[PDB]
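Below is one structure; the comments refer to it alone.
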Amino acid sequence: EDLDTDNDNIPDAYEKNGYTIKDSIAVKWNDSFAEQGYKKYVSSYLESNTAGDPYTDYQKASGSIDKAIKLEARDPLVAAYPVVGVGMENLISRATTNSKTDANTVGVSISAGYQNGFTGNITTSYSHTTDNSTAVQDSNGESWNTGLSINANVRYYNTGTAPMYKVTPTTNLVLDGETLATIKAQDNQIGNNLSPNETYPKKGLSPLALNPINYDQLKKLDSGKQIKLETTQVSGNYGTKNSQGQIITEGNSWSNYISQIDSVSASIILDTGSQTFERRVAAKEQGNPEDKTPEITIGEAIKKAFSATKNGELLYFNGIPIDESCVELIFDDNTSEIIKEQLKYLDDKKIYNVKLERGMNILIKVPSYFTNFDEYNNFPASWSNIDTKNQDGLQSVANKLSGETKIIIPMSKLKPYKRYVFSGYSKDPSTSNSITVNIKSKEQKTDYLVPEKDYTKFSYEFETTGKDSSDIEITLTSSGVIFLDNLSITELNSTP
Amino acid sequence: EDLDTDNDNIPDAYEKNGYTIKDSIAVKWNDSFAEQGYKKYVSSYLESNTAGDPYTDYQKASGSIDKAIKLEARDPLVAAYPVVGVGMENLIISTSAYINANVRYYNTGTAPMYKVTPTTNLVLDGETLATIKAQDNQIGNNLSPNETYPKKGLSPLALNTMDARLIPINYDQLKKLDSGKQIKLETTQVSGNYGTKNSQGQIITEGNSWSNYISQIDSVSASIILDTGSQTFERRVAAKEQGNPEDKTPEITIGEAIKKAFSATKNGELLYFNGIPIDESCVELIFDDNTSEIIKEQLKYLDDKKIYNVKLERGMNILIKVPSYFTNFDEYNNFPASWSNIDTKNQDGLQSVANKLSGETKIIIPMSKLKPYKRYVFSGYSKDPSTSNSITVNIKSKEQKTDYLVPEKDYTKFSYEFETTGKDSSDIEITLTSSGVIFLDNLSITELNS
Amino acid sequence: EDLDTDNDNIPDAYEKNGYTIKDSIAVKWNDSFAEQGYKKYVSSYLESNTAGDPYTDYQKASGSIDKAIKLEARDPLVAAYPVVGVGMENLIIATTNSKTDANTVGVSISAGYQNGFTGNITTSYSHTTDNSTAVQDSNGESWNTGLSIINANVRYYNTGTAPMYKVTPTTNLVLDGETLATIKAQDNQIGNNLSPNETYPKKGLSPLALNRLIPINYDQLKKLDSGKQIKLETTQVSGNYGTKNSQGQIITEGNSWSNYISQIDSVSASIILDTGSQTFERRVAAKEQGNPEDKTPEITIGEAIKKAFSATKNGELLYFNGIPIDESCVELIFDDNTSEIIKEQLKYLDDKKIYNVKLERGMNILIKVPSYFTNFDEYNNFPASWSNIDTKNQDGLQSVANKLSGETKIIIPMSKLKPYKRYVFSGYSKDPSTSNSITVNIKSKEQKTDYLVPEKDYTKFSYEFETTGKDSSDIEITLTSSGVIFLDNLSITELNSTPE
Ligand SMILES: [Ca+2]
Ligand SMILES: [Ca+2]
Ligand SMILES: [Ca+2]
Ligand SMILES: [Ca+2]
Ligand SMILES: [Ca+2]
Ligand SMILES: [Ca+2]
Ligand SMILES: [Ca+2]
Ligand SMILES: [Ca+2]
Ligand SMILES: [Ca+2]
C-alpha cells in the first residue's frame with residue numbers, strides 16, 4: 001500500500017477504503033478511532049481535488065488550509081465554497097427584514113396527503129440563498145405615496161464554508177419585475193474579508209450605504225409586493241501559502257472555481273429558521289467508468305455537510321432534530337423524480353437511504369414548533385389530552401388520540417402576513433376511524449382525514465394576518481382511537 | 001530529542017513541555033531559569049504558526065521579528081495583532097453644507113501597522129450619512145502600538161475629502177441634528193501592512209497585507225480587553241478546538257492567559273499590571289452570554305470557585321474594567337472621602353486584613369473628582385459567620401433604589417447597578433445597613449457606560 | 001575567535017569586547033590603536049543590526065555604506081536616521097524659525113537645584129521636526145491693516161545622520177488649534193536629494209512656493225495679532241535610502257525609510273544637541289531592561305553623547321568643535337520620565353554626575369549650549385569683560401575660579417542679544433566659610449532682585465531675565481558679596497521667545 005496515482009500523499013488503498021490523518025500522516029482507518037474523535041475520510045484515488053475546490057484532498061483532511069474555513073470543509077467530499085449575497089436593511093423610510101428562502105418556497109404546493117414512500121414536497125422555482133426578498137416590518141396600512149405626494153442600506157452575508165477576501169458583489173434592483181441598472185461596488189463597498197456565517201459590516205455596525213422610481217412601480221410596491229435584491233455575481237479571493245509560509249489572497253480568484261465546483265456537486269440547503277446554510281457535496285457522473293468519487297447516501301451527505309450528530313439513529317444539528325420525519329424536505333422536479341424512481345427499488349422507503357447524485361437540489365426547512373412526545377417539545381403551549389403510556393410510536397412512543405385535543409397558539413409568537421403548514425404522522429390499526437381537523441386562522445377551513453394501517457403524513461395550510469389579531473386554534477377530532485406522532489409546524493413564504 | 005514535525009526549528013518534545021530560547025537556539029526549560037529572567041514558552045508541535053499570525057513560533061519566541069512589536073507577542077500563544085480605530089476630536093459643519101471633522105487614529109494591539117487606510121461610518125441615528133475611506137493625503141505611514149497618528153503633540157487631521165468635498169443631500173436630517181441628536185463614528189475596516197525581513201535582510205511591508213490574517217486569527221483565538229481607566233489594551237490568545245483530537249494547542253487557564261497577554265507580574269499569588277491590582281476580586285469582570293454560560297458550567301465542577309482557574313476556550317470574550325478608586329485596607333487606598341463606622345483591628349480579610357464594621361455604613365461622595373453623567377457601581381466583599389443578619393441599601397439616584405441582600409457565612413460580593421444623572425443636581429447618597437457586626441473588604445468604585 | 005552567531009562577519013568575542021576594522025576586516029581591539037586614530041566599536045553579538053537601521057554592524061563599522069552618511073553613524077550603536085522637517089520663512093495671506101521652542105516653552109526655572117541633579121525638566125518635549133516661526137516684519141502694527149473683513153515659502157531641512165531621497169513631506173497646516181487642511185507635496189515640491197545638515201533647496205536658492213485656495217477665518221487673524229505663534233507641523237515624511245545591489249549600483253527605489261522608523265524609535269534613546277545656530281538630533285541604541293537575551297552594550301550618558309555627536313575628549317571634558325559641551329557647561333533639559341530615572345540613579349553613585357548615569361531605552365535628552373559662557377580657564381566668549389576678576393586662584397571647579405570680594409558689573413549691549421526672548425543666567429558658586437551672602441540685580445524689561453547664599457561646596461544657581469525690543473537699555477548683571485566667594489562657569493542660555 002504505497003501507490004499514489006494522483007500524487008497527494010495519500011495511498012490508493014487507504015483512500016479507496018478509508019483513512020484519517022494522525023500526526024500529519026495519513027493512516028489506515030480502524031473502527032476503534034471513532035470514540036477518540038477521529039473521522040473516517042474517503043475520496044477519489046484518481047483525482048487530487050475530489051470536490052473541485054482550490055485545496056487538495058490531503059490539505060482538506062489534514063487541516064493544512066486557512067483556519068477560517070469551517071470544519072465541515074475538511075471532508076474531501078464537502079467543498080470549501082463561499083455563498084455571498086446582499087441583503088437590504090433599509091430603503092429610502094421604514095425598517096425591513098430579508099429572507100433567503102421565500103423565493104424557494106413560494107412555488108411549493110401543499111396537498112392533503114402524500115404518495116407511497118415519498119414524503120417531501122416539490123418546488124417549481126428552486127433558488128439559492130443569494131436570492132433575497134425584502135419584507136417591510138413597520139407597515140401600518142399606509143402607502144408610500146404619502147409624504148412625497150408624487151439611499152439604500154445593504155449588508156453582505158456569507159452562508160458558505162469558506163471566507164471570501166476583497167468582496168465585490170454585483171446586484172440588480174428588481175422593481176417587482178423591472179430593472180433600473182446593474183450596480184457594482186466600486187471602491188468603498190468592498191469588504192476586505194468576510195468569514196463564513198458572518199456579515200459585512202459585522203454585527204453591531206451600521207448597515208452599509210451605497211451611492212429613481214416611477215409612480216407605476218409605487219402603485220405596485222404599495223399594493224402587495226416588495227422590492228427584491230439579488231446578486232448576479234460576486235468577485236473575491238481565497239488564501240493560500242507561499243514558499244515562504246505567508247498567506248496570499250492576490251490573484252487567487254474564486255471565479256476560477258465557481259463553474260467547476262457547481263458541475264461536480266449536489267446542492268443542499270438547511271434552514272434552521274434563524275440562520276441558513278448552503279453546501280455543495282461532490283458526486284460522480286453516471287456514464288464515466290473512470291470516475292472514482294465515493295458514493296454515499298443522502299443522510300451521509302447531510303451528516304458530512306452540516307456536521308450533524310448521529311445520536312443513535314436520528315441526526316441532530318446542535319440539538320435540533322433534522323431527521324427525515326422531523327423536517328420538511330423540498331426538492332425540485334428532477335431531484336424528486338430521481339428520488340421517486342430510486343425509492344421503488346428500495347425496501348426501506350426512506351429518502352435518506354437514497355444514493356446522492358450530482359445535480360440534485362435539496363432544501364431542508366426546520367419546523368418552528370415540533371413535538372415527538374419523547375424528549376423534544378418547543379410548542380408555546382402544551383397540547384390538551386396527551387397520552388404517553390404507549391410503546392407504539394414512530395420512534396419511541398405515540399399519542400393515544402381518543403376524543404378531542406386542542407392547542408392554544410398566540411398570535412404574538414408567529415410572524416404576521418405569513419403562510420404556514422401543519423404536518424404530522426397518523427396511524428390507525430383498526431382502519432375504521434375518521435379524523436376531523438379544524439384550524440382557526442384568518443380563514444377557517446374544515447378538512448377530513450382517513451388514516452391507514454401504517455404511519456402516513458398529512459399536511460394542511462393556514463395563514464396569519466395582522467400583528468394584532470386573534471389566537472390560532474388547531475383541533476384533532478377522532479371517531480375512535482388514533483395514533484399520533486411527530487407533529488410539527490413549518491413556516492412557508494410570506495403573503496401580501 | 002530532535003524530531004521536528006512542523007519544521008519550525010523547535011523539537012516536538014520541547015514544544016509539548018516548556019522551552020525557552022537561549023543564544024537564538026531552543027533549549028529545554030528548567031525551573032532555575034525563572035530567576036534569571038527567562039520565560040517558559042509552550043506551543044503546538046503540529047503547527048508552525050500556533051496563534052495564526054504571519055510569524056512562526058520560533059520567530060516570536062526568539063524575537064526575530066519587527067522590534068516595534070510588543071514583548072507580549074513574543075509568546076507563541078499571544079498573537080501579534082494590530083487593533084486600529086478612529087477617534088473624533090472636533091466636529092465642524094459650515095456652508096450647500098460642507099462637513100469637516102477632526103480625527104486621530106488609535107492602536108491598541110501588539111503590532112505596528114504600516115500604510116493605514118481606515119474606513120469609518122458616519123451615522124447620526126441609524127441612517128448612515130456616508131461611508132468614508134481615507135485617500136493618499138490622510139494615510140498614516142506608521143502606527144505603533146499605544147501610539148496615535150498624528151503622534152502626541154500634533155494637531156488632529158481633518159477629513160473633508162471623499163475622492164472632492166463631502167456634502168449631505170437632504171437638509172431634514174441635518175436639521176434633526178439640533179433635535180437632541182449627535183453624530184457617531186465607528187470603524188468598519190482598516191487596511192495596512194506588516195514587516196518581514198527578505199533574503200537581503202531589509203524590511204518589506206509592500207505585499208504583506210494584514211487582511212490575509214484577520215479572519216484566521218479571529219477564528220482560533222479568544223478576545224480579552226483590559227481597561228485601566230486611562231489606556232485600553234485588546235489582546236488575542238490562541239485556544240484549542242474542542243472536538244479536534246489533532247489540535248495540539250496548549251491549554252491554559254484565564255489567569256495564565258491574562259498574565260501572558262498583558263505581561264502582568266505575579267508576586268506569589270496576586271497579579272499586578274504596573275502595581276495596579278488586576279486580581280479576580282480587585283477588578284470588575286464583564287462577559288457576554290456565551291462566555292458567562294461556559295464559566296458558570298465549568299465553575300460547579302471546580303472546588304476553588306474562581307474565574308481565573310477556568311480553562312480558556314476558543315470564542316470567549318472577556319472585559320476587565322479596572323476600578324478607578326480601590327481600597328483593600330492593606331497597601332492601597334486612593335478614596336477621596338473616608339468611610340464611617342470603621343474598626344481596622346481584624347485579621348479575617350481575603351488576603352491579609354479586613355475592616356470591622358458594627359452597624360451600618362453610609363458614604364457621602366463628592367462629585368468634584370467624578371465625571372458627570374456616568375453610571376457607577378460601588379462594590380466590595382462582606383463576611384458574616386452568623387448568617388442571621390440582612391443587608392439592605394438606601395440609594396439616592398435618578399430612580400431611588402431599595403434592595404435586600406442576605407450575607408452568607410463566607411465572603412460575598414455586593415454590587416448594585418444604578419444610574420447617576422445631573423451634574424447640577426442633588427448630591428448622590430449611598431447608604432447600606434447591616435443588622436449586626438459584619439466584616440467588609442476590597443471596596444472599589446468603577447466607571448461604566450453612559 | 002571564530003564563532004559568528006548572527007552572521008555579520010564579526011566574531012562574537014570581538015563584539016562582546018571592543019573591535020575595529022582594518023583593511024576591511026575586523027580585528028581585535030588594542031589600546032595602542034587610539035594613537036593611529038582607530039575607534040573602539042562594540043555591538044550585540046546576537047543581532048546583525050544593533051541600532052535597527054537598514055545597515056548591519058559590519059556595513060556601518062567598515063564604512064561600506066552610502067558616503068553621504070555622517071561618520072557619526074559609523075558607530076554600530078548610533079543609528080543612521082534622517083530627521084526631515086519643513087520650515088517657513090515667508091508669509092502670504094522676513095521670518096525666522098526655531099527648532100527647540102516647544103521644548104523650552106514648558107521648562108520652569110528655579111533658583112536652587114537639589115544636590116546631584118544639575119539639570120532642568122520640561123513638560124512638552126518635542127523633536128526638531130516640530131517648528132515654530134517668529135515674524136519679525138511687524139514693528140508694532142497688526143496684520144489687520146490693509147486687508148480686513150495662499151502660497152507660502154517653505155524649505156525642508158535635515159538634522160539626521162542619513163540622507164533622504166525623493167522627499168515627500170506631509171505638512172499639517174494648523175494655525176491655532178484648528179487645522180484648516182493637511183497638505184502633502186505631489187510633484188514639484190519633492191526633493192530628489194537631502195543630505196544631513198542641508199536644506200532643499202540649497203542655501204543659495206530661493207525658497208519653494210507651497211501648493212488650491214484655503215479659506216482663513218478672521219478671529220484667528222486677531223489671535224495671531226495678539227500673539228504670533230503660527231506653527232508648521234510635519235506629521236510624516238516619505239523618502240528612500242541607498243543600498244548596493246549585485247551589479248554594484250546604488251538603488252533607492254523600493255527602499256522606504258518608513259519600514260524602519262518604528263523599529264529604530266523603539267530600541268533607542270533620543271538625544272538633541274542645540275548649538276545656538278545649528279541643531280542636531282540623534283538616536284542611540286539601548287537594551288531592554290527585562291530581557292536576559294538582549295546583548296546590546298551598556299554605555300553612560302557621556303559616552304553616548306561623545307559617540308553620537310563625535311565630540312572630542314580633551315582630557316576629561318567633552319568638546320564639540322571647540323565649544324565645551326560638558327555637563328556643567330551647558331543646560332540639560334529632560335522630560336519627566338528621564339528626569340526621575342536620573343534622579344533615582346544618582347543616589348547610588350559616588351561621583352553624582354549625570355554623564356555617569358547609564359543610558360536607558362526611551363530616554364529623552366536635550367542639550368542647549370549657552371550663548372555666552374566663561375570658565376576663567378581658557379574659554380571666555382562674552383562680548384565684554386567681567387569687572388573685578390581675580391584669575392590667580394586654585395580652588396576652581398576645574399582649574400581656577402573667580403575670587404569675588406565686593407561688587408561685579410558687566411556691560412552687555414542689546415545688539416548682541418536677540419530681542420523678545422526669555423533668557424537664563426546660570427553659574428556655580430561656593431563659600432568655604434558658609435557665612436557670606438550674595439545678592440544679584442538684573443537690568444532688563446523688569447527690575448528683579450533675588451538673594452543667594454552659597455554652601456560649603458559648589459552649587460549651581462539659575463535666574464531668569466527677558467528682553468523687549470531692539471532699541472532698549474543694555475542688560476546689566478551685578479554680583480555682590482559680603483566676604484570672599486568663589487565663582488566659576490558663568491553662562492547665559494537663550495530660551496523660548498516671549499509673546500509680543
Ligand atoms: Ca492518493
Ligand atoms: Ca485524491
Ligand atoms: Ca415519538
Ligand atoms: Ca516543532
Ligand atoms: Ca510549533
Ligand atoms: Ca484585604
Ligand atoms: Ca557577529
Ligand atoms: Ca552584531
Ligand atoms: Ca574654571
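Letters for chains follow the order of the C-alpha cells (A, B, ...), residue numbers begin at 1 for each chain, and ligand numbers begin at 1 in the order shown.
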
Please report as an mmCIF file with N, CA, C and O atoms, in the first residue's frame which residues of chain B come no farther than 7 Å from chain C, using only C-alpha atoms.
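Output (out30.cif):
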```cif
data_model
loop_
_atom_site.group_PDB
_atom_site.id
_atom_site.type_symbol
_atom_site.label_atom_id
_atom_site.label_comp_id
_atom_site.auth_asym_id
_atom_site.auth_seq_id
_atom_site.Cartn_x
_atom_site.Cartn_y
_atom_site.Cartn_z
ATOM 1 N N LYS B 22 17.722 30.362 24.186
ATOM 2 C CA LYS B 22 18.999 30.875 24.670
ATOM 3 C C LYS B 22 19.981 30.864 23.511
ATOM 4 O O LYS B 22 20.162 29.827 22.868
ATOM 5 N N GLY B 37 15.367 35.540 34.623
ATOM 6 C CA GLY B 37 14.536 36.327 33.738
ATOM 7 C C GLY B 37 13.963 35.585 32.551
ATOM 8 O O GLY B 37 13.141 36.158 31.828
ATOM 9 N N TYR B 38 14.365 34.338 32.326
ATOM 10 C CA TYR B 38 13.873 33.587 31.183
ATOM 11 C C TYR B 38 12.426 33.157 31.405
ATOM 12 O O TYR B 38 11.981 32.926 32.533
ATOM 13 N N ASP B 66 9.827 42.088 13.883
ATOM 14 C CA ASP B 66 9.930 43.538 13.964
ATOM 15 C C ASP B 66 10.066 43.981 15.415
ATOM 16 O O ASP B 66 9.323 43.535 16.292
ATOM 17 N N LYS B 67 11.030 44.867 15.664
ATOM 18 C CA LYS B 67 11.323 45.322 17.016
ATOM 19 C C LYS B 67 10.283 46.290 17.558
ATOM 20 O O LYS B 67 10.352 46.648 18.738
ATOM 21 N N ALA B 68 9.335 46.731 16.730
ATOM 22 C CA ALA B 68 8.247 47.566 17.218
ATOM 23 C C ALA B 68 7.115 46.738 17.809
ATOM 24 O O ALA B 68 6.179 47.307 18.380
ATOM 25 N N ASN B 137 -3.817 61.507 0.962
ATOM 26 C CA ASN B 137 -3.498 62.689 1.751
ATOM 27 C C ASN B 137 -3.531 62.394 3.247
ATOM 28 O O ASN B 137 -2.815 63.045 4.014
ATOM 29 N N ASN B 141 1.625 56.538 7.680
ATOM 30 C CA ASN B 141 2.721 55.659 7.284
ATOM 31 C C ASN B 141 3.081 54.678 8.393
ATOM 32 O O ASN B 141 3.318 53.495 8.127
ATOM 33 N N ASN B 142 3.135 55.149 9.635
ATOM 34 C CA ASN B 142 3.464 54.317 10.781
ATOM 35 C C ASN B 142 2.415 54.505 11.863
ATOM 36 O O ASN B 142 1.960 55.626 12.111
ATOM 37 N N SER B 144 2.404 52.733 15.576
ATOM 38 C CA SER B 144 2.967 51.816 16.551
ATOM 39 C C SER B 144 1.970 51.575 17.684
ATOM 40 O O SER B 144 1.105 52.416 17.943
ATOM 41 N N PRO B 150 -1.952 61.651 14.074
ATOM 42 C CA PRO B 150 -0.556 62.023 14.334
ATOM 43 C C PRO B 150 -0.154 61.823 15.792
ATOM 44 O O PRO B 150 -1.021 61.777 16.662
ATOM 45 N N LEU B 154 0.726 66.825 18.162
ATOM 46 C CA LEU B 154 0.380 67.304 16.833
ATOM 47 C C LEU B 154 -1.131 67.451 16.721
ATOM 48 O O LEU B 154 -1.885 66.713 17.361
ATOM 49 N N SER B 155 -1.565 68.412 15.914
ATOM 50 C CA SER B 155 -2.985 68.674 15.766
ATOM 51 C C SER B 155 -3.672 67.518 15.041
ATOM 52 O O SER B 155 -3.087 66.897 14.150
ATOM 53 N N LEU B 157 -5.845 65.442 12.427
ATOM 54 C CA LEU B 157 -6.021 65.642 10.998
ATOM 55 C C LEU B 157 -7.495 65.822 10.659
ATOM 56 O O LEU B 157 -8.381 65.273 11.319
ATOM 57 N N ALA B 158 -7.748 66.607 9.619
ATOM 58 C CA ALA B 158 -9.101 66.876 9.159
ATOM 59 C C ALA B 158 -9.474 65.936 8.021
ATOM 60 O O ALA B 158 -8.648 65.604 7.166
ATOM 61 N N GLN B 202 16.666 43.359 4.434
ATOM 62 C CA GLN B 202 15.853 44.559 4.550
ATOM 63 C C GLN B 202 14.420 44.215 4.939
ATOM 64 O O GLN B 202 13.939 43.107 4.696
ATOM 65 N N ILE B 203 13.748 45.184 5.552
ATOM 66 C CA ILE B 203 12.360 45.022 5.971
ATOM 67 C C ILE B 203 11.447 45.464 4.836
ATOM 68 O O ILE B 203 11.657 46.523 4.232
ATOM 69 N N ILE B 204 10.433 44.655 4.539
ATOM 70 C CA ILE B 204 9.483 44.929 3.466
ATOM 71 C C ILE B 204 8.075 44.920 4.044
ATOM 72 O O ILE B 204 7.729 44.035 4.834
ATOM 73 N N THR B 205 7.270 45.913 3.657
ATOM 74 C CA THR B 205 5.866 45.986 4.045
ATOM 75 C C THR B 205 4.968 46.179 2.828
ATOM 76 O O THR B 205 3.901 46.782 2.935
#
```

Selection within 8 Å of ligand 3 by only C-alpha atoms and all ligand atoms, output as a count of residues only: 11

Against ligand 1, which residues of chain A fall within 10 Å? For each one I want the closest pair of atoms and the distance in Å (one decimal), counting only C-alpha atoms and all ligand atoms, rows by chain and increasing residue number, as a tab-separated table.
```
residue	atom	partner	partner_atom_place_in_ligand_line	distance
A:2	CA	ligand 1	1 (Ca)	9.4
A:3	CA	ligand 1	1 (Ca)	7.6
A:4	CA	ligand 1	1 (Ca)	4.6
A:5	CA	ligand 1	1 (Ca)	5.9
A:6	CA	ligand 1	1 (Ca)	5.1
A:7	CA	ligand 1	1 (Ca)	5.6
A:8	CA	ligand 1	1 (Ca)	5.0
A:9	CA	ligand 1	1 (Ca)	5.9
A:10	CA	ligand 1	1 (Ca)	4.1
A:11	CA	ligand 1	1 (Ca)	4.8
A:12	CA	ligand 1	1 (Ca)	5.0
A:13	CA	ligand 1	1 (Ca)	8.4
A:14	CA	ligand 1	1 (Ca)	8.2
A:15	CA	ligand 1	1 (Ca)	6.3
A:16	CA	ligand 1	1 (Ca)	8.8
A:43	CA	ligand 1	1 (Ca)	8.5
A:44	CA	ligand 1	1 (Ca)	7.5
A:45	CA	ligand 1	1 (Ca)	4.8
A:46	CA	ligand 1	1 (Ca)	7.0
A:47	CA	ligand 1	1 (Ca)	7.6
A:48	CA	ligand 1	1 (Ca)	6.8
A:57	CA	ligand 1	1 (Ca)	8.2
A:58	CA	ligand 1	1 (Ca)	8.4
```

Surroundings of ligand 9 up to 7 Å, based on only C-alpha atoms and all ligand atoms, as number ranges by chain: C: 375-377, 396-401, 488-489

Selection near residue 49 (chain B), 10 Å with only C-alpha atoms, sequence-local residues under 2 positions removed, as a ChimeraX atom specification: /A:245 /B:6,8,43-47,51-60,76-77,79

Point-to-point distance in Å for CA of residue 111 (chain B) and CA of residue 71 (chain B): 10.0 Å

DSSP alpha helix (DSSP H) residues within region 171-265 of chain B, listed as an MDAnalysis selection string: chainID B and resid 172:177 211:219 254:262

In region 333-486 of chain A, DSSP strand (DSSP E) residues written as an NGL selection string: :A and (361-365 or 369-371 or 399-401 or 404-409 or 418-427 or 435-440 or 445-449 or 456-464 or 472-478 or 482-486)

Counting only C-alpha atoms, the option among A:174, A:91, A:77, A:408 closest to chain B: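 So, comparing all the options, the nearest one is A:91.
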
Spatial neighbours of residue 428 (chain A), max dist 7 Å, only C-alpha atoms, sep filter under 4 positions, as a PyMOL selection string: chain A and resi 451-454+482-483

Identify, on the basis of only C-alpha atoms, every residue whose closest approach to region 345-362 of chain B does not exceed 6 Å; exclude the query and any residue fewer than 4 positions from it along the same chain; express the result as an mmCIF file with C-alpha atoms, in the first residue's frame.
```cif
data_model
loop_
_atom_site.group_PDB
_atom_site.id
_atom_site.type_symbol
_atom_site.label_atom_id
_atom_site.label_comp_id
_atom_site.auth_asym_id
_atom_site.auth_seq_id
_atom_site.Cartn_x
_atom_site.Cartn_y
_atom_site.Cartn_z
ATOM 1 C CA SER B 340 -17.969 55.722 58.610
ATOM 2 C CA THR B 431 -26.489 54.037 52.379
ATOM 3 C CA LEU B 432 -26.045 50.384 53.346
ATOM 4 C CA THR B 433 -27.179 48.867 56.645
ATOM 5 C CA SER B 434 -26.478 45.593 58.450
ATOM 6 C CA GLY B 436 -25.275 43.014 63.423
ATOM 7 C CA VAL B 437 -21.480 43.067 63.089
ATOM 8 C CA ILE B 438 -20.010 42.395 59.643
ATOM 9 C CA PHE B 439 -16.562 42.243 58.050
ATOM 10 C CA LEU B 440 -16.032 44.097 54.766
ATOM 11 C CA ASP B 441 -13.021 44.194 52.449
#
```

Minimum-distance residue to chain A, chosen among B:220, B:26, B:10, B:261 (using only C-alpha atoms):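 Nearest candidate to chain A out of B:220, B:26, B:10, B:261: B:220.
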
Long-range neighbours of residue 5 (chain B) as an mmCIF file with C-alpha atoms, in the first residue's frame, 8 Å cut-off, only C-alpha atoms, 2 positions minimum in chain:
```
data_model
loop_
_atom_site.group_PDB
_atom_site.id
_atom_site.type_symbol
_atom_site.label_atom_id
_atom_site.label_comp_id
_atom_site.auth_asym_id
_atom_site.auth_seq_id
_atom_site.Cartn_x
_atom_site.Cartn_y
_atom_site.Cartn_z
ATOM 1 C CA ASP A 23 0.406 13.434 13.149
ATOM 2 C CA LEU B 3 12.146 15.410 15.930
ATOM 3 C CA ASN B 7 9.734 22.208 10.719
ATOM 4 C CA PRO B 11 11.614 19.839 18.618
ATOM 5 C CA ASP B 12 8.209 18.333 19.324
ATOM 6 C CA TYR B 45 4.072 20.830 17.851
ATOM 7 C CA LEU B 46 1.871 20.154 14.795
#
```

All residues 9 Å or closer to residue 227 (chain B), only C-alpha atoms, same chain fewer than 3 positions away omitted, as JSON, numbers by chain: {"B": [230, 231, 232, 233, 234, 319, 320, 321, 322]}

N, CA and C atoms of the current selection, written as a PDB file, in the first residue's frame:
```pdb
ATOM      1  N   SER B 230      -7.511  54.896  31.869  1.00  0.00           N
ATOM      2  CA  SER B 230      -6.837  55.884  31.037  1.00  0.00           C
ATOM      3  C   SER B 230      -6.420  55.326  29.685  1.00  0.00           C
ATOM      4  N   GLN B 231      -5.901  54.101  29.653  1.00  0.00           N
ATOM      5  CA  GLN B 231      -5.453  53.464  28.425  1.00  0.00           C
ATOM      6  C   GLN B 231      -6.003  52.046  28.350  1.00  0.00           C
ATOM      7  N   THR B 232      -6.327  51.616  27.130  1.00  0.00           N
ATOM      8  CA  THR B 232      -7.029  50.364  26.885  1.00  0.00           C
ATOM      9  C   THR B 232      -6.192  49.458  25.991  1.00  0.00           C
ATOM     10  N   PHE B 233      -6.205  48.161  26.296  1.00  0.00           N
ATOM     11  CA  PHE B 233      -5.445  47.159  25.558  1.00  0.00           C
ATOM     12  C   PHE B 233      -6.381  46.028  25.154  1.00  0.00           C
ATOM     13  N   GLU B 234      -6.302  45.609  23.893  1.00  0.00           N
ATOM     14  CA  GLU B 234      -7.065  44.474  23.387  1.00  0.00           C
ATOM     15  C   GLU B 234      -6.096  43.412  22.884  1.00  0.00           C
ATOM     16  N   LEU B 319     -13.847  41.151  29.352  1.00  0.00           N
ATOM     17  CA  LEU B 319     -13.526  42.559  29.537  1.00  0.00           C
ATOM     18  C   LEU B 319     -13.164  42.793  30.995  1.00  0.00           C
ATOM     19  N   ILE B 320     -12.000  43.388  31.226  1.00  0.00           N
ATOM     20  CA  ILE B 320     -11.517  43.706  32.564  1.00  0.00           C
ATOM     21  C   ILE B 320     -11.545  45.219  32.707  1.00  0.00           C
ATOM     22  N   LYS B 321     -12.390  45.715  33.603  1.00  0.00           N
ATOM     23  CA  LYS B 321     -12.562  47.148  33.821  1.00  0.00           C
ATOM     24  C   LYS B 321     -11.975  47.479  35.189  1.00  0.00           C
ATOM     25  N   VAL B 322     -10.757  48.011  35.191  1.00  0.00           N
ATOM     26  CA  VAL B 322     -10.051  48.277  36.451  1.00  0.00           C
ATOM     27  C   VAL B 322     -10.768  49.385  37.211  1.00  0.00           C
TER      28      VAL B 322
END
```
